[PDB]
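[1] Take these chains first, placed just as they are in the complex:
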Amino acid sequence: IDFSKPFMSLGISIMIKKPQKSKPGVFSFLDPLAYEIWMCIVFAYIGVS
């Protein structure tokens, strides 16, 4: 097909989901160790006493 000289310029670009928030959860301080560890730490406490 034929084209005119361009009427608008552009280039390929990247669109992004700009913001994120991610405010931490309340009980977030229990995340370095997994649930499975935190539950096995109460079974060991009950079994050592």
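    Happy to help now that I have it. Numbers count the residues shown, from 1 in each chain, chains lettered A, B, ... in the order given.
[2] burial of residue A:34, as a residue count?
    Neighbour count of residue A:34, defined by other CB atoms under 10 Å: 10. Every C-beta, even on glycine, is put in place using the N, C-alpha and C of the backbone.
[3] May I have the secondary structure class of residue A:7?
    coil (DSSP: H, G, I helix; E, B strand; the rest coil).
[4] The following sequence is to be added as chain B:
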Amino acid sequence: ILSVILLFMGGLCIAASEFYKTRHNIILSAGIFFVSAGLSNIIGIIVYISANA
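    The block that follows adds chain B to the chains above:
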């Protein structure tokens, strides 16, 4: 499965404790069996969790 066996033997001790009275060493057996049963359970939970992962 060890835990069911122990918790059962602990039950046998509490039953016997009635007929063979004045043999207190059967209540200690009961208590130890039940405590040992809990300890078997902890290992069987750790093993289970560790394995499936």
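[5] The neighbour count of residue A:34 again please, chain B included this time.
    12 (other CB atoms under 10 Å in any protein chain shown).
[6] what's the distance between it and residue A:13?
    Using CB to CB, to the nearest Å, one gets 41 Å for the distance from residue A:34 to residue A:13.
[7] buried stuff in stretch A:24-41?
    residue A:40 (16 or more other CB atoms under 10 Å in any protein chain shown).
[8] Any idea how far apart the tips of that stretch sit?
    24 Å (CA to CA, to the nearest Å).
[9] Another chain to add, chain C:
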Amino acid sequence: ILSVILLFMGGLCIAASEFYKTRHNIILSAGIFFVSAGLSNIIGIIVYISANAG
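    Chain C now in position relative to the chains above:
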């Protein structure tokens, strides 16, 4: 607001104490209505700060 209500209630207790007397347990009640009032306040402070951060 629960901290305002509790502090008001504690004042009533103290005031009532200086009248009835002998009761003794009114003076304690005031003590429970002030310590808890301060404890409701901490939660309100934390909730305030933790909401603005969001």
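[10] since we added chain C, can you redo the buried residues of stretch A:24-41?
    Burial within stretch A:24-41, assessed by neighbour count using 16+ other CB under 10 Å, is assigned to residue A:40.
[11] and chain A, which of its residues are near chain B?
    A:36, A:40, A:43, A:44, A:46, A:47 (CB under 8 Å from any CB of the partner chain).
[12] List the residues that contact residue 45.
    With no chain named, the answer covers chain A. The contact partners of residue A:45, taken as CB atoms under 8 Å, 6 or more residues apart in numbering or on different chains, number zero.
[13] if you could check chain B rather than the one you did, that'd help
    Per CB under 8 Å, 6+ apart, neighbours of residue B:45: A:40, A:43.
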